[PDB]
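[1] heads up, no residue letters with this:
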């Protein structure tokens, strides 16, 4: 439906923000890079819910 | 002759919202609520605030 698509759009935005952050901070001296990890959601039924 | 109007308590679709204070029962049940006068009501809408 609309909810799964808008959750996918919302979760593919932090996955670009944390890459833009690394691209920006790839010149400093004490930095440790970061990443994100996703996981699916489920209600009581068998159809999915989003991400 | 129209007999009577009846509801339908089929479970709806759970939809993801994202905010903090929101709950959703996944099987049968209701939340219990009290007015400022003293009667008790039973609800299923789960939007809560302080």
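    Arrived safely. Numbers count the residues shown, from 1 in each chain, chains lettered A, B, ... in the order given.
[2] what does chain A have sitting close to chain B?
    A:1, A:3, A:7, A:10, A:41, A:43, A:44, A:45, A:49, A:50 (C-beta under 8 Å from any C-beta of the partner chain). For the C-beta atoms, the positions are set from N, CA and C on the backbone; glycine is no exception.
[3] Now do the residue nearest to the fourth one when sequence neighbours are not counted against residue A:8, distance only.
    When you say that, I think you mean residue A:10. Among residues not flanking residue A:10 along the chain, residue B:18 sits closest, at 7.5 Å (C-beta to C-beta, 6 or more residues apart in numbering or on different chains). Distance, residue B:18 to residue A:8, using C-beta to C-beta, to the nearest Å: 13 Å.
[4] And those two? Which one has more around it.
    Comparing residue B:18 with residue A:8 by other C-beta atoms under 10 Å in any protein chain shown, the one with more neighbours is residue A:8, at 13 against 8.
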